[PDB]
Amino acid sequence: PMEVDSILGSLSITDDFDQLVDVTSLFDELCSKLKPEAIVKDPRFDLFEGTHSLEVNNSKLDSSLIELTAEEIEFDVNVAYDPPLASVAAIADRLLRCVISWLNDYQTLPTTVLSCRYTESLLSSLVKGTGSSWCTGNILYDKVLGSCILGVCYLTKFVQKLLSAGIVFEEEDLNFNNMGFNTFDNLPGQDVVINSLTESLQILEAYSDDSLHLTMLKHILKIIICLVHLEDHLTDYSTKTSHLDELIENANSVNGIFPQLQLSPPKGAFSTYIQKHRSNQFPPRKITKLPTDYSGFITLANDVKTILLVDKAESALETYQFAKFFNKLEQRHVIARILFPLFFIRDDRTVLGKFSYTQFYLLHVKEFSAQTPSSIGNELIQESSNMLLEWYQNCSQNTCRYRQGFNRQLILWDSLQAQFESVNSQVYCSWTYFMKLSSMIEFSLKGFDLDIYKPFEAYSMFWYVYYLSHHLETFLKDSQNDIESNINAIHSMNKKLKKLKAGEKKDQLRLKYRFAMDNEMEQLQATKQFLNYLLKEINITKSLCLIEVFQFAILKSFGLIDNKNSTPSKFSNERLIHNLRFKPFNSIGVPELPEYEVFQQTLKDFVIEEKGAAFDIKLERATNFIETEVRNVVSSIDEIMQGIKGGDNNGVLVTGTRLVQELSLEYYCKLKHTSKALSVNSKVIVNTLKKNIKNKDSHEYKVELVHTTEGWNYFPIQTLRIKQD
């Protein structure tokens, strides 16, 4: 090349080698003797390892062939480009939008934050040791921009610590391909970073002239200060919302500023240069279109604010419902998702800094069973406490991993329950059963949300969840009856006291009665009202599944769907396919997975094989049930929503939704919409198919599991659709 060091470096390329011998001719001759199918390699080596290899002289697999413009090739960090204020702000704005593209849009670190030449420059001086890496002689480029780069670089280092905890799955929830950058302890501490940004703010405030670009750069600086403060929620477990509120306000201010001005960063400030010249074991990747605004910072700040609310929890049910609803409506920002388990399960091996792992677990058992269990350090309790904590952490996973996490749980809860049963520890065995059966149900219904089940499988899954919901409702019913017996036993003591007169035996009965009221009655009432909510929740689940089952049976009665693959195939059979689908539940003893023949027989009882007038009467009973039960479901959801709005002190229902009140209401509103749509869809199907039979040239329909936009898609709508061509 024309450059001096490139010319001279070529002479010293082979200097590290004392002697070199050309072997090209020998290699070809030896390769000629080899057979085409032959491969010479280490015997231990597995050729699967070679499937992640690069290839030279392949545009899409060779990083060295990346085409760059002259501006990209010759961009100098030491040059202060013109105009400085307009260019420094544009650089800072693009870097922040690179951060959003990185974290919110799941883009790679090399094509986002590392694409900025200044971040590459700043990080390189930190690796060597230790003042900005570049010097242009201009105060905006050297001090203001230098502080900005430090703030973002401090942020990525904090993200690295979050990922090191192993809360979420790397290169899926969050990419951290930092191209071999290790800064050790050379990168400055938090106080230094904020002061550098604060000093740059005071520089900006000193400027007499006021420009639109300057206003944005002031806000950009304040945004970075807030992002640097994100670590406070882990270092000090801070619940304060000031920097988060400031981040929202500054992002909103910049969003209104965007249309009024134009930003053009120096050409070559952001490029694929670092992929071409820095050490890179990965293929070249183009830079993806960046977000247009700063709304991504608003989502990040609100998701993190939701995380901090769990610190206000005062019961096991309040933490439980927080975990059930905080990430349920839509997937939270990955930072908030990593933050929650680290914020929930802390450094001192405590939960929220309030209780130990076994104290936290015994709280869940006490609120569910209303019993104080009279050793300490018990292995079964220790194992169950770890299992419960894993359950909380799974709630923070992405929408796909969330379902996958239950695979592991179902077999471990089962084994745990069988171990409690063998030692006749029936209270813990009971709470373990509730968690397992609830997880089985949640794992099954979640498959519909991910479109895992095909329309012909909808009867198998919905009827199975109906079957599981029936056993969970029977178990919860017995649990509430046992609670009622204990309540009435205390009540009967008071009745017995009234019949008694003053004596030593009445003293003892009043002593027993006062102890029960002081130590047992209040928890019994709460558990009763909690189990009341669970029974209404599970009957809604049971009713919805049954409605879906009836809907499927109506479609099969008209010949539109079967409970197996319609397309005939030579390779497999329907029994093998059925068993594969229910393989996760095959090893669970109670409730036993119904046999294949039970699935078939149950469908036959639902399906209307009658014809003509007899068919119409049986069809009318099925449609009337769907319409009737939808209205009952709506009424049950309404009672639950009223209980949520009223609180847990009203004496009828206990929902523990105080921390996620808006989200739980939003969920049941979506559930109510799906319920109404199920009824409306049933009428459309029946009106359509009656007309269709009359016509000899009927349409060919297919059934699709359709998601309702504002509904809850654990129960998709089985929708008819004309098959075209």
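Throughout, we count residues from 1 along the sequence that is shown.
In this entry, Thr130 is separated from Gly131 by 1 to 3 residues of the deposited sequence that have no coordinates.
Going from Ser374 to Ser375, you skip over 4 to 9 residues of the deposited sequence that the entry leaves unmodelled. The PDB entry reports B-factors from which the mean C-alpha value can be compared for 197 to 205 and 166 to 174; the larger average falls on 197 to 205. Taking only CA atoms, the mean B-factor in the PDB entry is higher for 46 to 54 than for the other of 682 to 690 and 46 to 54.
Note on the listed residues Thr567, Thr358, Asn488, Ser635: the highest Cα temperature factor in the record is that of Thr567. Remark: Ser64 belongs to the middle third of its chain, ranked by C-alpha B-factor as recorded.
When all modelled residues of the chain are sorted by CA temperature factor, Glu704 is found within the lowest third. Placement of the Cα temperature factor of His364 within the chain: lowest third of the modelled residues, per the deposited record. Annotation for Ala622: CA B-factor lies in the lowest third of the chain's modelled residues. Ranked by Cα temperature factor within the chain, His233 sits in the middle third according to the deposited record.
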